[PDB]
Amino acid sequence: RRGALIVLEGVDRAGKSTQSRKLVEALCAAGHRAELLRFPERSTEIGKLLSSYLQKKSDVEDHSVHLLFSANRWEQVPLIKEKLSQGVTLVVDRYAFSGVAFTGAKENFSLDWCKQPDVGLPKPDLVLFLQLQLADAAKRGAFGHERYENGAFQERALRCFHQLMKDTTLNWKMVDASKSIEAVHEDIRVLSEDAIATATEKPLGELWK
């Protein structure tokens, strides 16, 4: 009985990391075997290059950094398929959708070109998109020193996320991330319990193919 692959995507400060942590804690307390993953995975050789880039400690050519983000997913694919086949549900904080949206927000990058490197990745059984109005995101923090920490760029990435959501091949669910941390958690956890039960019924899919 395979585990489900559940991805959290969403606007800045909507709570992807907070909710992915709480979801894994809650699923394990309810008897599930569940583990947390995130992308970028900064612990690998490629992950260190990406971390330096995002921190602005280094500059990387836009196409090159897009492919490194994708490669950083591919290198975890053997582990992801092993865990899922062992019945472990994986809760992932960002995935290929962030990959496509963030490069897709840059000038002269088509969504098609941006998608290709990730075609074939393990297909999420559930993609949660945490929505939050900017007035509410503004009370949760201030723009940082990191790469992409600006409103004009996050808006362009948001348009790309909406283009991706038109893809009916994927089990997208919108989450109203403006509620309390607990209320949002409950919405996500109930959606996750449903997906976990149905994932044991269909083989793990392939993304965008």
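Numbers for residues come from their place in the sequence shown, where the first is 1. Between two forms, the rigid core is defined as the largest C-alpha subset superposing within 1.5 Å.
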Rigid core superposition, C-alpha RMS per stretch in 6 other deposited structures of this protein: which comes out larger, 140-148 or 158-166? 140-148
RMS over structures and residues, CA atoms, rigid core fit in 6 other deposited structures of this protein: 100-108 vs 129-137, larger is 129-137
Between 144-152 and 174-182, which has the larger average Cα B-factor in the PDB entry? 144-152
Mean Cα B factor from the PDB record: higher for 196-204, or higher for 21-29? 196-204
At the C-alpha atoms, which of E41, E45, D167, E35 reaches the highest B-factor in this entry? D167
Using the temperature factors in the entry, find which of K123, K139, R73, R94 has the highest value at its Cα atom. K139
When the modelled residues of the chain are sorted by Cα temperature factor, does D118 land in the lowest, middle or highest third? lowest
CA B-factor ranking of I80, expressed as a third of its chain: lowest
Split into thirds by Cα B-factor across the chain's modelled residues, where does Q86 land: lowest, middle or highest? highest
Ranking every modelled residue in this chain by its Cα temperature factor as given in the entry, which third contains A101? middle
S51: which third of its chain by C-alpha temperature factor? middle
